[PDB]
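Below: the structure, in structure tokens.
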Amino acid sequence: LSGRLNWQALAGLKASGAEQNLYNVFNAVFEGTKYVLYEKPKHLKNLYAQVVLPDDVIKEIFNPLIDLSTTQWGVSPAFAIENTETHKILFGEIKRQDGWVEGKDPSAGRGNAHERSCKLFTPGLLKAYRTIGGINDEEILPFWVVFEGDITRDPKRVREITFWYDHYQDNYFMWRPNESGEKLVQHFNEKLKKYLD
Amino acid sequence: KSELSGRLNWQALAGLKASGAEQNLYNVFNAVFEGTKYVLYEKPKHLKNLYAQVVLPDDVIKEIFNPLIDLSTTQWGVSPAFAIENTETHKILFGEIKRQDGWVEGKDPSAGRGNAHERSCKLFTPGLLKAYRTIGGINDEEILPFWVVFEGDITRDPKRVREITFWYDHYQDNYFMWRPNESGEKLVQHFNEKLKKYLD
DNA sequence: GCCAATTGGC
DNA sequence: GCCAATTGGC
């Protein structure tokens, strides 16, 4: 099964003048390929209820009338890309945020909600992602964060995120204003697709 | 490393408790550190200069906003909620305080839907981990260089407590749940028993 | 200049 | 059930 992408279908989406977002872009480029996109995938929805808490903690917290054995508490990624042959999955997030850009003061980029995406660096979620998605190669992280909005052109935010990721520079992508869906797909195609093999 | 050489001032903390004064992380640690080699910093400045000189490829520079300032002397960084330094060894533990509501008695489950506490996870990025270990001096692999103290109803929320427990995996001592009504002693005991030795 | 942490959205 | 990501605050 070739891993070639459907650039013709993507060009049609672009030509249809339709506003491109991550979903219609990957949906178009994956048509007839061995890849499929999921919006709000459910693979990681059953992680927390089964967590074993010391009896000392149980006594100190609120214990609702609930059957934890059948309770599914977990996370809901913005999206996931699956190679339907190997069934390996890359889970992703989309962080949209304003930023300090031309004509604005630094305060326009003072927001910090994007830090929330760093929950993916916790050892527990890294372990869960690797187990469920199948990407065990230590060379890359098992998630992909796509940033959107003026934060992607903010001199401070861009350097901050670059600093955070350190040697995992391909695990995030800055999808800048007015940029084509093609560049978003090229990042996946050139830097991440091989890890689903 | 004798126990006496690092004994905390438990009597000063008991005095604070006996005074009836409202306890918070700062007055609790300031009291317990009285006369010792440890000092607590509120908003430490050790990590004030981190990002401005980060190198960006020419093809990225071309696509971003480049302000007309001198990045070589610009200080962009972070400001931890607190830090604990052993002034004899100069090793430092950096900390955060995350207060948040939660699903507890008398509340609808929606009271625990909040997720801003996730921001604290920035400390797990490889970049900040390296910066924290370099500055604070803690390279022991079995412990992380930071300590996140949670406060508020989130500390008793059945889903949030399990979520955070899960996140931390085998680094359970790198966070502490300071519950409503809990005194300062429990907070200090966590540091004393699980983290203080990493400042030796 | 940097962090708080919430209420509304899907 | 779980995520969006902002504006207020010092």
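These values consider heavy atoms only, across backbone and side chains, with no hydrogens, waters or symmetry-generated copies. Proteins get letters first, then strands, A, B, ... in listed order; numbering begins at 1 in each.
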Partners meeting side-chain contact (heavy atoms from CB on, under 4.5 Å) with B:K91 (sequence neighbours left out):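 side-chain contact (heavy atoms from CB on, under 4.5 Å) check on B:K91 returns B:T89, B:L199.
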All side-chain contact (heavy atoms from CB on, under 4.5 Å) counterparts of A:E182, not counting sequence neighbours: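 Expected list: A:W7, A:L10, A:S180, A:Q186.
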Which donor-acceptor pairs under 3.5 Å do side chains of residues 46-65 of chain A form with protein atoms, sequence neighbours excluded?
| from | atom 1 | to | atom 2 | distance (Å) |
| --- | --- | --- | --- | --- |
| A:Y48 | OH | B:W167 | NE1 | 3.3 |
| A:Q50 | OE1 | A:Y48 | N | 3.3 |
| A:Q50 | NE2 | A:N46 | O | 3.1 |
| A:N63 | ND2 | A:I58 | O | 2.8 |
| A:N63 | ND2 | A:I61 | O | 3.2 |

Using a strict heavy-atom distance below 4.0 Å, which residues from [range] are in contact with DNA chain C?
{"range": "residues 92-100 of chain B", "value": "B:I97, B:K98, B:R99, B:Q100"}
{"range": "residues 107-123 of chain B", "value": "B:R113, B:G114, B:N115, B:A116, B:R119, B:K122"}
{"range": "residues 154-166 of chain A", "value": "A:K156"}

Test item: A:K194 side-chain N/O and A:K191 main-chain N/O as donor-acceptor pair under 3.5 Å: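 It does hold such a pair.
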Backbone N/O of A:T152 and side chain of A:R176: donor-acceptor pair under 3.5 Å: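 Yes.
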Distance-only donor-acceptor check, side chains B:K1 and B:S5, under 3.5 Å: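 A donor-acceptor contact under 3.5 Å links the two side chains.
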Residue pair B:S72 / B:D70, side-chain donor-acceptor N/O under 3.5 Å: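 Yes, side-chain donor-acceptor contact under 3.5 Å.
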Salt bridge (charged side-chain N to carboxylate O under 4.0 Å, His left out) contacts in which one or both residues fall within residues 129-142 of chain A, not counting sequence neighbours: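 Every salt bridge (charged side-chain N to carboxylate O under 4.0 Å, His left out) pair that includes a residue of residues 129-142 of chain A, provided the two are not neighbours, is A:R130-A:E138.
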Positions of residues 62-76 of chain A (non-hydrogen atom under 4.0 Å from DNA chain D), listed by number: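 Per residue number, the list reads A:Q72, A:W73, A:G74, A:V75, A:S76.
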Side-chain atoms of residues 18-27 of chain B: list all donor-acceptor pairs with protein atoms under 3.5 Å, sequence neighbours left out, distances to 0.1 Å.
| from | atom 1 | to | atom 2 | distance (Å) |
| --- | --- | --- | --- | --- |
| B:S19 | OG | B:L16 | O | 2.6 |
| B:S19 | OG | B:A21 | N | 3.1 |
| B:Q23 | OE1 | B:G184 | N | 2.7 |
| B:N24 | OD1 | B:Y26 | N | 3.0 |
| B:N24 | OD1 | B:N27 | N | 2.9 |
| B:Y26 | OH | B:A81 | O | 2.7 |
| B:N27 | OD1 | B:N24 | N | 2.8 |
| B:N27 | ND2 | B:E22 | O | 3.0 |

Salt bridge present between B:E3 and B:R7 (N-O < 4.0 angstrom):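 A salt bridge links B:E3 with B:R7.
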Along DNA chain D (nearest heavy atom to each residue), the more 5'-positioned of A:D98 and A:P77: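 Looking at the nearest nucleotide for each, A:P77 comes out on the 5' side.
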ILVMFWY cluster, A:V158 and A:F173 together (side-chain gap under 4.5 Å):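 No; A:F173 is not reachable from A:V158 via cluster members.
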Closest non-hydrogen atom pair between A:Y35 and A:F30, with its separation: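 That would be O-CB, 3.5 Å.
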Heavy-atom closest pair, residues A:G92 and A:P77: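 Heavy-atom minimum between the residues: O-CB, 3.6 Å.
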Contact interval (first through last nucleotide) of DNA chain D with protein chain B, 4.0 Å heavy-atom: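 Listing 5' to 3', DNA chain D meets chain B from D:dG1 to D:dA5.
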Qualifying residues under side-chain hydrogen bond (donor to acceptor under 3.5 Å, both in side chains), relative to A:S2, sequence neighbours excluded: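 Here no residue qualifies.
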Under the side-chain hydrogen bond (donor to acceptor under 3.5 Å, both in side chains) test, residues paired with B:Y41 that sit two or more places apart: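 Per chain and number, B:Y41 pairs via side-chain hydrogen bond (donor to acceptor under 3.5 Å, both in side chains) with B:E85.
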